[PDB]
């Protein structure tokens, strides 16, 4: 069936509740003190992590070479815990997937799992009026409150939930090359 065991292990060790002025989001920690959150969360220079106020040391809203929103923001956080390194679970390329799980960790839903079915490489999405690329699509009625939710299949962390129209759900891709270790003035 769906990979519930895999999704649970990712939730246990690699998720936190993140809270900005836009609300609460599931936040996936990727490695060391680096995590991801939907760009719509509007991260500033501090963020609440599990209700603890935390300095945001770096924040990078990803865009592609067309200067189009990818809806992923990568954050570096000032906190003592290191995240388990899950980069080796990230896909190398764009792909479609079978029988994925969407996993939420918020104050309202401290852990909840939703089998979303098949996931297709959707591409372009007008996301609440912002053009966005690299989007994954599932036919599941996802809802407000699930943004940031982790999308997995066994062995792979493939996206974070960012949108939905009452019939389909949409995730922003996570690619392995987003998190590899030059000299760049990026602000």
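Numbering follows the first chain given and starts at 1.
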Should the segment between residue 181 and residue 182 be described as having none, 1 to 3, 4 to 9, or 10 or more unmodelled residues of the deposited sequence? 1 to 3
Identity of residue with top Cα B-factor, from 36, 52, 150, 56: 52
Looking at the temperature factor on the CA atom of residue 154, which third of the chain's modelled residues does it land in? highest
Comparing against every modelled residue in the chain, figure out the third that the C-alpha B-factor of residue 61 lands in (lowest, middle or highest). middle
Residue 14 by Cα B-factor - lowest, middle or highest third of the modelled chain: middle
Check where residue 106 lands among this chain's C-alpha B-factors and tell me if it's the lowest, middle or highest third. middle
Cα B factor band for residue 40 (lowest, middle or highest third within the chain): highest
